[PDB]
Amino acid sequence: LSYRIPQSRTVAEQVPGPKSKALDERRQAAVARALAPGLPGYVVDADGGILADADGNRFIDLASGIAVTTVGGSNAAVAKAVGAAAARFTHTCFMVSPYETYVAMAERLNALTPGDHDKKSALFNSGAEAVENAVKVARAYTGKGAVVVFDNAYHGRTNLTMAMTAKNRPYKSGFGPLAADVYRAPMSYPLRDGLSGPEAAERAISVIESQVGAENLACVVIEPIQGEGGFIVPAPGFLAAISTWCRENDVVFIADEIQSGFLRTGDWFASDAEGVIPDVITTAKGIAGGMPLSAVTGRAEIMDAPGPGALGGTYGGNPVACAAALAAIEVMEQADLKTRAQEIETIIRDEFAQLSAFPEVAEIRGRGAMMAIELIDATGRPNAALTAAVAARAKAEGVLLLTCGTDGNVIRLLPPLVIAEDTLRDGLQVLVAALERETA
């Protein structure tokens, strides 16, 4: 791999620097206080494994803007395709005047998603819009209303995706009333419930059948790895068992692969590790090299249930974002990012080999470049305090680490798949020393 900016960490004695401090004051004056960014620097370049700020700091990027910049934040093929497309046209609204890159991205998605059955796609802008439209096609197809979601789920910040999201603070509180006919089932969380995949599936199926009923249920929606919920990997056989139940009970099984999709996990989709074939898949984030695109891909007969003009949105499938995605997907093949994702896991597990020694480390989990540590206290309760402290410390040392978890006690690793081995190991070494410092 060749890089445009230096791939080495460096932070000044005073962070933020003066230009970033100035931009932070403008942000306080102009921007809703809810938008409280974590990085103590204003980005001017994102390339390989580095975020470069307005003051010359270079932060190691283990965030990829939350699993979005899988191909890098400024991949040359993506930037070239974006520039070229904008010079031809930025927008026509596909429903009004169509264009080839929309159709080409639908074909790409139909080809890359699990299963050999006939599939169709529809393109939107945000992950929340993709989840909303996945619910729309399932309701239109089944003629049934209810939506089943899981403990620890996250599906977005719209009224319905807030209902589907498990965590009240800060995603839901004060924004209700929320969309009705949404029902929640227990998740396979093996660290906490010690259940096998099939046992966890029996428990979930028992709730859904007792409390909801197949005859009322359009869809069951699950993240094959739960993201904001804490990189929760279900026990083997769990997802398969839920998919089988949905097929037997004429319920649409929807995999939300917005975070887990496009090689993040070392497979094209996380569904592939257990060879689960979802009826419908939502994608976003890594799809378009950072440009705003999302998609719903599914069985042709499900995707065709809505009538003419029944799905839409002005910007959906923006031609510049579609050109970006076509360029990014080809990069993923050409640069063998699937093998890089697999190598990223090996390196993380290697650098975390000493973490067993720490009574605060409950579990190391995930797949490919979607890995996490869960942190606990002396009595085994979630350790959100320590999680926050370790992330703030890493940050002061020039490493951007994200937290998540139902209980706020999970450090996640989301490096871009183009990060240099040298840069990744430096990043993971800073994390382990910050964990040493905060527990010692």
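Residue indices: 1-based, along the sequence shown.
Higher mean CA temperature factor, per the PDB entry, when comparing 24-32 with 373-381: 373-381. Taking the PDB entry as given, 349-357 carries the higher mean Cα B factor of the two stretches 215-223 and 349-357. When the C-alpha B-factors of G127, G290, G298, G194 are ranked from the entry, the top spot goes to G194. In this PDB entry, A54 carries a Cα temperature factor that places it within the highest third of its chain's modelled residues. When the CA B factors of the chain's modelled residues are split into thirds, the value for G366 lands in the middle one. When the modelled residues of the chain are ordered by C-alpha B-factor, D304 sits in the lowest third. The deposited CA B-factor of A77 belongs to the middle third of values across its chain. When the modelled residues of the chain are ordered by their C-alpha B factor, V280 lands in the lowest third.
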